[PDB]
Amino acid sequence: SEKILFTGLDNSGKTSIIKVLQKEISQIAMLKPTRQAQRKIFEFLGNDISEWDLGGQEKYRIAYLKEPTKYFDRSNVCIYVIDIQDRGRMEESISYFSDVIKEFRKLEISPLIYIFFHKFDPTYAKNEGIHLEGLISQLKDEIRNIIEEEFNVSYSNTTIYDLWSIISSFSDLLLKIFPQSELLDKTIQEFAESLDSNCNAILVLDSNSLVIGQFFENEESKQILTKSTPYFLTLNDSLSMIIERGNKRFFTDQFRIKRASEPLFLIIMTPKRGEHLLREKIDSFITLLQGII
Amino acid sequence: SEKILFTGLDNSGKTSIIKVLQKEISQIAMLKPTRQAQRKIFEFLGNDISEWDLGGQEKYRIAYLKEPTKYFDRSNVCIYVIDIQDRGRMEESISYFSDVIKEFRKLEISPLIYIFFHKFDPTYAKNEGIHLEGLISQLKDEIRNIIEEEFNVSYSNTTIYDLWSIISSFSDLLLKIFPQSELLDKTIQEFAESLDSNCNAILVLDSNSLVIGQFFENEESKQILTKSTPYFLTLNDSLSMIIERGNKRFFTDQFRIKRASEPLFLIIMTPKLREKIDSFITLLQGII
Amino acid sequence: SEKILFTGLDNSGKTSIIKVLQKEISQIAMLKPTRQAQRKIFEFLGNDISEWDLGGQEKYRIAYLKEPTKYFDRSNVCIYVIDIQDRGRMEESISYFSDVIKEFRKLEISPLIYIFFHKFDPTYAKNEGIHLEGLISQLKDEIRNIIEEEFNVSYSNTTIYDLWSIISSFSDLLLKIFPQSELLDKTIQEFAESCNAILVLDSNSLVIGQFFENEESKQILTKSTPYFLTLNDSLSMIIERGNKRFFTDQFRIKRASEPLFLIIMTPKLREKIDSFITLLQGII
Amino acid sequence: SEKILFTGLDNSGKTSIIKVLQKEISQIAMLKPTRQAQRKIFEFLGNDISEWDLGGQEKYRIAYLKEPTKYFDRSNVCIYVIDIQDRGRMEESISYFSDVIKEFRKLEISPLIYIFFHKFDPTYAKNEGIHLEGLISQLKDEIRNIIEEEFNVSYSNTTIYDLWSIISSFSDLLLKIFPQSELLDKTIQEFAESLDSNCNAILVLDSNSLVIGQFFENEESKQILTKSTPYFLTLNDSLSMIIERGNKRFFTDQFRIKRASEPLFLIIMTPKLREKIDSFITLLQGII
Amino acid sequence: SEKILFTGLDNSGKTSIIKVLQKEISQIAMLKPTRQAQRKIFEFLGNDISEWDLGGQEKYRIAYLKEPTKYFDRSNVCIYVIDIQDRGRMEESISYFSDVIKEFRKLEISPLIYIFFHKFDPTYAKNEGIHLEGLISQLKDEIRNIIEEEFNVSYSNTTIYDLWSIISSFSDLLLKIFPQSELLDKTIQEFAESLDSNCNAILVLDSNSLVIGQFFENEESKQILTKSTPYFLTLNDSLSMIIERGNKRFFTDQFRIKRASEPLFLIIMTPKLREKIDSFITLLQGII
Ligand SMILES: Nc1nc2c(ncn2[C@@H]2O[C@H](COP(=O)(O)OP(=O)(O)OP(=O)(O)O)[C@@H](O)[C@H]2O)c(=O)[nH]1
Ligand SMILES: Nc1nc2c(ncn2[C@@H]2O[C@H](COP(=O)(O)OP(=O)(O)OP(=O)(O)O)[C@@H](O)[C@H]2O)c(=O)[nH]1
Ligand SMILES: Nc1nc2c(ncn2[C@@H]2O[C@H](COP(=O)(O)OP(=O)(O)OP(=O)(O)O)[C@@H](O)[C@H]2O)c(=O)[nH]1
Ligand SMILES: Nc1nc2c(ncn2[C@@H]2O[C@H](COP(=O)(O)OP(=O)(O)OP(=O)(O)O)[C@@H](O)[C@H]2O)c(=O)[nH]1
Ligand SMILES: Nc1nc2c(ncn2[C@@H]2O[C@H](COP(=O)(O)OP(=O)(O)OP(=O)(O)O)[C@@H](O)[C@H]2O)c(=O)[nH]1
Ligand SMILES: [Mg+2]
Ligand SMILES: [Mg+2]
Ligand SMILES: [Mg+2]
Ligand SMILES: [Mg+2]
Ligand SMILES: [Mg+2]
């Protein structure tokens, strides 16, 4: 299987990120500090994945460093969550990150390192401007000096007030473990162009609502589709569909692949003024996706 | 202002019904016994209505009867909620119903009485069958002997597992307080027939999602629209729309009327013209 | 009957504050933008109080200013909520505050104005420090220029991450509407002298009386009382945890429907508590 | 590792039971039908245990039986949940239970079979009485004819309206996977007797609030401590202790054992000595 | 021989009903709780019948269910008596009834079940109204669910304040064991119409004063004769007769049938011929 480890200081936001990934946002208010490690198992495209949420209180971080084989071993990815709104605890956070990397070195493993600069809220980021960007740049410099190019590192700005920032970062991480064929993007890109200027955006999602494939004509089309899709997903699950809302038309479809348990979800967005997508075009597209993914 | 009173024994389901009406079903798992009377104010078509939820524990029921002018006076509608799954407490429920009716008599007021035979769940109703039907018929006989034709009494079977049963019963109650013109049903019927064989069902809702007008070509069209509308409303609120799914097409629209604060909601289901809709809405704005 | 009006821009936090007051914190994650005016009624010491939660989205603010008599009239207290983390919307917030004050002037009423500097979170205040205090000073100066000594104005810092900040501020507001006798504080002050802390709460868990020997005792009792309440309501009592001892009691007053709650924290006498309760029942 | 499997028909209540075990009762109102298998990992006295929640809708049960090695294999316990309020689906429930037992036989494994007669609510049980008792007796006969003494079977009446019904059954189930020494029951018994007539009830809980040991002088002392302890825990967790309410006094304590990660919880109820509690704790640390 | 079983909870009124049948109403005030089973033998139309009065206190009921073959075996009729004034013991009563039926199932016998809804006093029934009727209808449903159409069940409302209610129910019970020829009712009907409109009511009784045949022109004629007959019997016993009183005339006669030990009693009420009577007696002698 695969092991994904969430770690970081207490209050950094690890459990809230997980609650977003589980579509259980309503449980974020009732969140208490996580006690030791909480573990669950989920499936990504036919592969079972174990997820570890390490409670970040100091009494728990010490226990993690006392029995490192129990917690840090066999990790394929380490998600390290930093509360970028809490400058006063950043030095402490980098210090605990150095301890975690040191444990990986003693175990002689090199998991993918994914840093979530978390609580990067829209309101907070707008009011803080380049002052916040400079702080993140200093954080990366400290992280690079600790990593010393012995680990692969990725960085993402995340916030529970932007579901896409969490979904796409977690999807990008899973697709680094399970790389996709270049044919996938080439097929999606060619399908969009075969519609002749009548395709603003496409998403291919799995049963966890994680992103398997994507296309965006521009930044505005990306914002419209990624912000509307969760509500269309809620509608689909509660009830193929065609939805006209505002100046856009949405085509939604479910399809299965051989190796995965549950169906995948396809959504295509076009201008409302555009021609209706021919069903035979969507079906041939789905047939290729079933052979590529 | 109009006064609507929720009363009945504890555990009968009054607050859960209100939570359904407030679109807050998720809080039903968190419900505690209601402490005495809880009150809110909402608007229905430009009229304010105060809503009283009276906690049903015995210590509160005694307080209600000790100071009747503070709780039962000026009530325009009394909703009496009966847990029809609790046979063992029905005699106590009817007994307390007699007390409430007596206080109305002493105050010399005649509010509309609306019985909610509540917790009429689909699974429960299917397993209990004619026994539950006979048990409800016996409850009605006891209520009739208490009322003695001195009050207008309506009945409905309700359950939180059927949102339509609660929404349409409460809408029916409010439309008895505020009667509609006969032109409304005629306009909805005439608009439906003007679509040839291409109009299965219509719903006109207010901002509380209460039913102001309705049309159903048959029972199957009624089931499809009433079960699907709550999810379209959640989508519309979370974001004019058109939704095609299966063999049906759904048109949703919002329009305002002069006397009401928030817009109304129109949804039309057809098998799979903006002018017909715009002209329909214009007629509704002059009638509703 | 008294009318309390919650207003301010959308996203400022008004409904979350109300949810804390209703002991419904678990619903804050499920909150959506409030549509128009949501109204409820509750009792405070035998008095009925109507509470108005005005949705702050611009389309609703335009409707409030189009029909001022329907929303702002007969207001006894206006609670104006400002997201002090959102400097980018502060000019917009002060401008709408000016419009609200103007409607009060045209109605010729003078409600108590209670400003909540909301989202004053412990982490945010720790990191912003003195820069945030200067910002609050600028807001007070603007509000002063708008009020022009025609309204009584009070200020409070609030955050859903400090339940006491919201409970005490709202209690302080209600005690300005319904003033208490000075004998209440003196009776509590003298009972303790006869004690690290004392709270007298009503059935809404609002603060009717309080005593705190020092800042440390205050933090201990204020943070512990909700769970002592949760224990009580869900279930007199005597509790010992740590180096402290707690005494909880319930009693009724003549004009109130539900009982009041008394909790005393001492370092670790029935007759002295019963005489203290007797005096409270004759003063509150 | 150990594997616990929740299965049964859709709507039987499996996920609600798990929500109670996870101290997330507030989320029961938000539950949706479970899609295929949901899996979590928890610790019981130092042992990692995988928990499988198999969604019960028919399209999922067909998938389970198509690939029985992926779902039923290596199971230590099978919890089969039956909605005993839904007589109309009991024949369907027993038939799927027989299919599950058949898959265990083809795998040549013998998990403990634990039947939960769920939704045994206080109100429903009181109103149905002996009529429901006879129906449960008929269910046991069908289960026994399916088992044919090839499996170990346990039965429990459960309901989300009685938290102890679910906690104690799940605790009883875990203690059969990990049998305890007879010294634990004797030690708890002797300590309660060393207090003379000053010990009404004792509970020893783990960090999951599952029951490791228990003592009850009589049925009334059992109902007082079990219904009070969740609020004594929520107090302690959200915040040693002594509490006096009514005619009772309570002592709470936390202690750790060598092989477990988180502390255990001890609570003693007496009618209204620190050295005696410490020595009793020291004994438990060498026995558990 | 035939076996009739009187059973039911203590205080239900079993022994009081038997005292009415034995013409010993004066002993009702001296009744104590019956200790275990009391047994008598009486003759009905040439057939010996054993009558078991089972004491209903719980310690006796437990003794019955411990040795079911001694008490319940070979029963031809089980009379179950329910005090319908005591709602607080109806669950206990229905539960014990379920136990008795379970013993008949294990014995693989199917006696006639006769339910006496007892203490249906005129004053109590008048004051309780349809509330008592619903309760009896509820009890009837519980009995049906317990029986599952495996037994013949009859019902009657009985009370010691209406001798006819007890006499006619016990008579109807015995005639179900020993069905009569259809020529009997046709003969009584034909004799009545042969007297023109000069025949309001007829009773044919045995030496136990049980009703072998009856005829009533209307309800008033039934109430007059059924209420006057007990005193006519006492006069006849204490001493053929003719009695004129008010606007009615009563003819009484005694006759024997070949298979019965003691004479039968014929009473005819007419508005105010020996030969007609003698021939009517002759037909009855060969039909009964
Ligand atoms: N503004 C903002 N707040 C957030 C965000 N994410 C989480 N929070 C809040 O931050 C607090 C910390 O959340 P948690 O998820 O419990 O943090 P944690 O890392 O799991 O803490 P531990 O359980 O001790 O490990 C919670 O009150 C969240 O509501 C975010 O993206 N933006
Ligand atoms: N099966 C079923 N249960 C229901 C239904 N409605 C409410 N309940 C449950 O019945 C219980 C009673 O809920 P409440 O709404 O608090 O009852 P109440 O009348 O408000 O009781 P008081 O607050 O004491 O007056 C709750 O546990 C609900 O979940 C229903 O329609 N069907
Ligand atoms: N950090 C922080 N966030 C808060 C606080 N209070 C509320 N929020 C968040 O701010 C957002 C706005 O909350 P609301 O209470 O709905 O704001 P509102 O004033 O009611 O907005 P309208 O309904 O449009 O009038 C929500 O996401 C809350 O979670 C707080 O004290 N601190
Ligand atoms: N009255 C009563 N209702 C219950 C009880 N437990 C669960 N329910 C209700 O039963 C319904 C089914 O609950 P679930 O837990 O989702 O059932 P499930 O077995 O998980 O169904 P699937 O996800 O399809 O497998 C929900 O509406 C619950 O509220 C109970 O103990 N008593
Ligand atoms: N009002 C009223 N009381 C009755 C009636 N029949 C019996 N009772 C009273 O009910 C009480 C019970 O009478 P029993 O005949 O001794 O009852 P039982 O079933 O024989 O009791 P056990 O001997 O213990 O089995 C007596 O006090 C009677 O006076 C009736 O028809 N109406
Ligand atoms: Mg956490
Ligand atoms: Mg309630
Ligand atoms: Mg709001
Ligand atoms: Mg489920
Ligand atoms: Mg007797």
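Residue numbers start from 1 in every chain, and the chains themselves are labelled A, B, ... in the order their sequence lines are given, proteins ahead of strands. One-based numbering, in listed order, for ligands and for the atoms of each.
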Heavy-atom proximity to [atom], best of [options]:
atom: atom 31 (O) of ligand 5; options: E/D83, E/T7, E/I160, E/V20; value: E/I160
atom: atom 32 (N) of ligand 5; options: E/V81, E/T158, E/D86, E/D121; value: E/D121
atom: atom 14 (P) of ligand 3; options: C/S16, C/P122, C/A29, C/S12; value: C/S16
atom: atom 6 (N) of ligand 3; options: C/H118, C/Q85, C/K119, C/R35; value: C/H118
atom: atom 12 (C) of ligand 5; options: E/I166, E/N11, E/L9; value: E/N11
atom: atom 20 (O) of ligand 5; options: E/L31, E/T15, E/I84, E/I17; value: E/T15

What do you reckon, is [atom1] of [X] surrounded by more than 12 foreign heavy atoms closer than 6.0 Å?
X: E/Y124; atom1: OH; answer: yes
X: E/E58; atom1: CD; answer: no
X: E/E91; atom1: CD; answer: no

Looking at [X] and [Y], does any basic side-chain N land under 4.0 Å from a carboxylate oxygen?
X: E/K119; Y: E/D83; answer: yes
X: C/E51; Y: B/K40; answer: no
X: A/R89; Y: A/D10; answer: yes
X: E/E92; Y: E/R61; answer: yes

>> The criterion is ring pair (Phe, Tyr, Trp, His ring centres under 6.0 Å); which residues satisfy it with C/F120, sequence neighbours excluded?
In response: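 For C/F120 there are no ring pair (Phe, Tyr, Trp, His ring centres under 6.0 Å) partners, ignoring immediate neighbours.
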>> Give the atom numbers and elements of ligand 3 that come within less than 4.0 Å of a heavy atom of C/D10.
In response: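 Counting from 1, the qualifying ligand atoms are 21 (O), 22 (P), 24 (O), 25 (O).
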> Which atoms from ligand 3 have a heavy atom of C/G55 less than 4.0 Å away?
Replying inline: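 Checking each atom against C/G55, I get 25 (O).
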> Applying a strict 4.0 Å limit to heavy atoms, is C/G8 in contact with ligand 3?
Replying inline: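 Judged by the 4.0 Å heavy-atom criterion, C/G8 does not count as contacting ligand 3.
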Do [X] and [Y] pair up side chain to side chain, a donor and an acceptor below 3.5 Å, judged on atom types alone?
X: A/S169; Y: A/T158; value: no
X: E/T34; Y: E/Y60; value: no
X: E/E128; Y: E/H131; value: no

To the nearest 0.1 Å, how far is [atom] from its closest protein heavy atom, and which atom is that?
atom: atom 29 (O) of ligand 5; result: E/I28 CG2, 4.2 Å
atom: atom 25 (O) of ligand 3; result: C/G56 N, 2.8 Å
atom: atom 23 (O) of ligand 3; result: C/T34 N, 2.7 Å
atom: atom 27 (O) of ligand 3; result: A/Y161 OH, 3.1 Å
atom: atom 17 (O) of ligand 3; result: C/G13 N, 3.1 Å
atom: atom 19 (O) of ligand 5; result: E/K14 NZ, 2.5 Å

> Is the closest side-chain heavy-atom distance between D/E43 and D/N208 below 4.5 Å?
Replying inline: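 D/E43 does not reach D/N208 side chain to side chain.
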> Would you call the rings of E/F6 and E/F170 parallel, tilted or perpendicular, where under 30° means parallel and over 60° means perpendicular?
Replying inline: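 Parallel, since the angle between the ring planes stays under 30°.
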>> Classify the ring geometry of C/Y155 against C/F117: parallel below 30°, tilted from 30° to 60°, perpendicular beyond 60°.
In response: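 Parallel, since the angle between the ring planes stays under 30°.
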> Which ligand 5 atoms does E/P33 reach within 4.0 Å, using its non-hydrogen atoms?
Replying inline: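 Every atom of ligand 5 under 4.0 Å from some heavy atom of E/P33: 23 (O), 24 (O).
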>> I need the atoms of ligand 5 closer than 4.0 Å to a non-hydrogen atom of E/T159, numbered in the order shown.
In response: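 This gives 31 (O) as the contact atoms.
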>> What protein N/O/S atoms are there under 2.8 Å from the Mg ion (ligand 6), waters excluded?
In response: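 Per the 2.8 Å query on the Mg ion (ligand 6), atoms found are A/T15 OG1, A/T34 OG1.
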